[PDB]
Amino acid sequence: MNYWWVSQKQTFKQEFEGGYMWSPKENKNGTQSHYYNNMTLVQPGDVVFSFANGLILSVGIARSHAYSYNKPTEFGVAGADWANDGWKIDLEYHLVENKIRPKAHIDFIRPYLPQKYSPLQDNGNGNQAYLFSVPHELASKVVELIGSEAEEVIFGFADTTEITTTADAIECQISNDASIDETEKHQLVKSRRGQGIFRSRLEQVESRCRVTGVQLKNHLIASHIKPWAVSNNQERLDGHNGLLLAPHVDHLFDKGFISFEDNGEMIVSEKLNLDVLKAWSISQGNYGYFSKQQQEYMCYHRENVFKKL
């Protein structure tokens, strides 16, 4: 997941109200702009900090790659200088109550500014350009300053969108892969959504939500332990590579907010606000023993899915 700084002082209202980022393709003499170029490197699920009148107003999630769009008519005078031919990105705006003025924290920030294409000068004054790369180290500091409601937008949200993208790719490769017969194809694709032979088999091994106790099949999700995306065709359909979970536990476990030791002990990530568990009346503690086959898979989960610091 990549981070971005978007200086929007001229047109922030229009871009937030429109739920978009927009720039020209080139500068007004036809020449290449690294800033406008950056538009084409923005991935769905990449975080974008909106900066205007010296303040960070939005922690944004990008919901598109840059697509060829003409200047917004609602820009008026404020964007008369910009070429009509432009890049547009759909940005999931998230307003933040705590709008940090970066300049006022420059002492903390400056060391994490990149040497070239910094959004800020060394005095902490914004550079005159539209879009800059934000190195993850700098990103982590901006986030620290804005506090909770920046972490809220990233962890188990924005940083899940690229995972989803990687899984979609794999689902297309399966559906065009001759090497696996039409039944395997069908049962692999269905196993992803927790359907087909995988679900049947899981129910043979487990009978209820390990955490909540619910046994009713219509209120349980057939989540994998080792995620579908990284599992071989054997493990994608293995009943032992699965847990029946209530949707909110599936949520917490799928994203690695909680995991389990081999002994059943719940492990809670530092990234999970304990308030969540209190609000959903979920206790820490032992949720029963795992089979040897299960413990193999639950280990991969701890080391690869479960969010560490």
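Residue indices: 1-based, along the sequence shown.
Note: missing coordinates for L120 occur in none of the other compared entries bracketing this position, so the one-third threshold is not reached. Of the other compared PDB entries of this protein that include residues on both sides, all give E184 atoms, none of them, and so not a third, leaving it without. Remark: stretch with higher mean C-alpha B factor among 194-202 and 176-184 is 176-184. Of the two segments examined, 25-33 and 267-275, it is 25-33 that shows the higher average Cα temperature factor in the deposited entry. Out of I225, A129, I221, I89, it is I89 whose C-alpha atom has the highest B-factor in the PDB entry.
Highest C-alpha temperature factor among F260, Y69, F49, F253, as the PDB entry reports it: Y69. The PDB entry assigns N241 a C-alpha temperature factor belonging to the lowest third of its chain's modelled residues. When the CA B factors of the chain's modelled residues are split into thirds, the value for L309 lands in the highest one.
Annotation for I163: C-alpha temperature factor in the middle third relative to the rest of the modelled chain, per the entry. Among the modelled residues of the chain, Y287 sits in the middle third by CA temperature factor in this PDB entry. Among all modelled residues in this chain, the alpha-carbon of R208 has a temperature factor (C-alpha) in the lowest third.
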